[PDB]
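The chain that follows stands alone, in the form deposited in one PDB entry, written as structure tokens.
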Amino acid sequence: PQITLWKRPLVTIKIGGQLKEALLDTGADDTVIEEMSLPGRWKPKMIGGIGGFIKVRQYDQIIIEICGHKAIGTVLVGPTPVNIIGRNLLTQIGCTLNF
């Protein structure tokens, strides 16, 4: 699809068999999702945003569908205000910016 930016670029995602809304976010290096249960071991990560830094749990090789496109990659879990799909998965789905 082509997504204009007059509104927030929110899409449906599927992760752990559940549907969530997430924001396609070219300003985010990584993908960060609100508290949920994911399989496997996690490792620590600190991520920094507009307000400062938060601690998150890093899960690798997680299956996620983004607006109907399958990705498999790193997903961070923690106190984000919004589920965000960052460049690590945007690249997997072939997402580009165009003007």
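Residues that one form lacks are left out of the comparison. Just so we're on the same page, rigid core means the largest C-alpha set that superposes within 1.5 Å between forms. In this text, residue numbers run from 1 along the sequence as written.
Just so it is clear, the following notes concern the form deposited in another entry, a form of the same protein that is not shown.
Is the C-alpha displacement of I62 equal to or greater than 2 Å between the shown form and the other one once the rigid core has been superposed?
No: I62 shifts by under 2 Å between the shown form and the other one.
Please check if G52 moves between the shown form and the other one, taking a CA shift of 2 Å or more relative to the superposed core as movement.
Superposed on the core, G52 moves its C-alpha 2 Å or more between the shown form and the other one.
Based on a C-alpha change of 3 angstroms or more, tell me if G49 and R8 lie closer or farther in the other form than in the shown form.
Pair moves farther apart in the other form.
Once you compare with this form, do the C-alpha atoms of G52 and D60 lie closer or farther in the other form, given a change of 3 Å or more?
Here the pair is farther apart than in the other form; there, closer.
Considering only residues present in both forms, which runs of at least 3 consecutive residues have all C-alphas displaced by 2 Å or more between the shown form and the other one after core superposition?
The run that moves is 44-55, and no other.
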